[PDB]
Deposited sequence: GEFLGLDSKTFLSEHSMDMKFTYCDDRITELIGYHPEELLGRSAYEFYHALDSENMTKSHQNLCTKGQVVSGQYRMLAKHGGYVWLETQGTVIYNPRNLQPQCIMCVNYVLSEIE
């Protein structure tokens, strides 16, 4: 559970701005190679419109649970995940994602 859970942070455009190193033991990516890239680059084609929809809920509500989606792994194949996302607004400044890996 805990060793399958990692955080990421995203700009409002969905780009990674930070990722736990734990994503390396789970999906193969190095956090540094993620930064600057949209989450979009990584979803399975069959999940993409759904994530766009969860995204819209996140922006209108401020927090949301993604429900189940696939991330293309660093060395081929897809890993299932469920994410809770939370918008950090200040005085939108970023999105915090708590990401739980459902599958190997």
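> What's missing from the model if you number the deposited sequence from 1?
Deposited residues absent from the model fall in 1-5, 97-100, 114-115.
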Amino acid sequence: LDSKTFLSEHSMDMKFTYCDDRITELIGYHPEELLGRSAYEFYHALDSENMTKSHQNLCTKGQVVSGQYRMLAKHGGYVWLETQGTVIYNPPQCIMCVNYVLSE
From here on, numbers count along this sequence of modelled residues.
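> For the other entries of this protein included in the comparison (both sides of the residue modelled), is residue 90 absent in a third of them or more?
Other entries vs residue 90: at least a third skip it.
> Comparing 5-13 with 76-84, which has the greater mean CA B-factor as deposited?
Mean B over CA atoms: larger for 76-84.
> Using the B-factors recorded in the PDB entry, average over the C-alpha atoms of 51-59 and of 65-73, then report which stretch comes out higher.
The stretch with the larger average C-alpha B-factor is 51-59.
> For residue 20, does the deposited CA B-factor place it in the lowest, middle or highest third of the chain?
Lowest third.
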